[PDB]
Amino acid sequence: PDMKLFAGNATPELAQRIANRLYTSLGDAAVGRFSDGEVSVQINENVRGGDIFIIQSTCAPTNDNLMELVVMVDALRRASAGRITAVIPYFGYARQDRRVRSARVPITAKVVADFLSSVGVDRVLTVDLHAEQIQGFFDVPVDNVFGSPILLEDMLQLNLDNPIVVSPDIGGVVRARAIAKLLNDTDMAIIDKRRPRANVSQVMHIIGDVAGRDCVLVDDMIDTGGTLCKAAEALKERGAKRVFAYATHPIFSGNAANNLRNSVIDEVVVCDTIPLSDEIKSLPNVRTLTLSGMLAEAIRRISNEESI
């Protein structure tokens, strides 16, 4: 069509990869900063009447990456872009989605959604939202792509042992049972989730039969990595052969690398929706699968077929 792909500075390596698989290149645009840390944008080609796609995760630096996106959207609308599709592989601020007990907290995921609407986004792609309801936070079509085909694919690609699937927490049990079923279920497992009272210690206790099983932990994301380490050791305590930790989004804020190299997890496998830091890059535990091909197909299919 008049399909154009632009990329900000959040996920440039990934944006190129989606471009490669769609046999085009990234549109000409200066996206940087002024000397004072305000974002500078200039679209250096005619987008008039074009069906444009902005590939940019809203990941760390989150506000900076968000603002880049937002302001790229403004520039393209004012430049008579035919249609603007925001492709945000990792949707920043996804976790903040409610006001529990009427806490005087923002619902910042909704704020971003508004802000994107306002600036003129016509549609969004994201992979594996923290809660799918965020699709409702928008007033505009949203295709929330699952990165679990490719994970399962890899899980099979190795296979070669037992195995069973494990929810690292209370909240991922939905996500985990799905992948249990999608595999040849069995099996299942859940983690405590057990204070009170004296010592704020964790993990406490698992449920499920992990005798000599070669385990597969799975979650939507990894931040810090304390979540999954404390589940891995607890797994291993029950004779778990090998603990493989799969997830889509590799955040890895605050001391994650140290946790992972101090972890008992044999391999951690993550998708490329967030660029890996030098620390994590320099780690043998970790290996990244690409959603490039997934994302390519999805943004082509807005050619326009459906998904599937």
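Residue numbers run from 1 along the displayed sequence.
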{"property": "Mean temperature factor over C-alpha atoms, higher-scoring stretch between 207-215 and 228-236", "result": "207-215"}
{"property": "Residue range whose averaged C-alpha B-factor is higher in the record, 171-179 or 140-148", "result": "171-179"}
{"property": "Highest-ranked of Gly82, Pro163, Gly92, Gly120 once sorted by CA temperature factor in the record", "result": "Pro163"}
{"property": "Per the PDB entry, maximal CA B factor within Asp220, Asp114, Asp74, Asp192", "result": "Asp192"}
{"property": "CA B-factor placement of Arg242, once the chain's modelled residues are sorted into thirds", "result": "highest"}
{"property": "B-factor third for the C-alpha atom of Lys281 within its chain", "result": "highest"}
{"property": "CA B-factor placement of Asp51, once the chain's modelled residues are sorted into thirds", "result": "middle"}
{"property": "Third of the chain's Cα B-factor distribution that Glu132 belongs to, per the entry", "result": "middle"}
{"property": "Chain thirds of CA B-factor: placement of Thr108", "result": "lowest"}
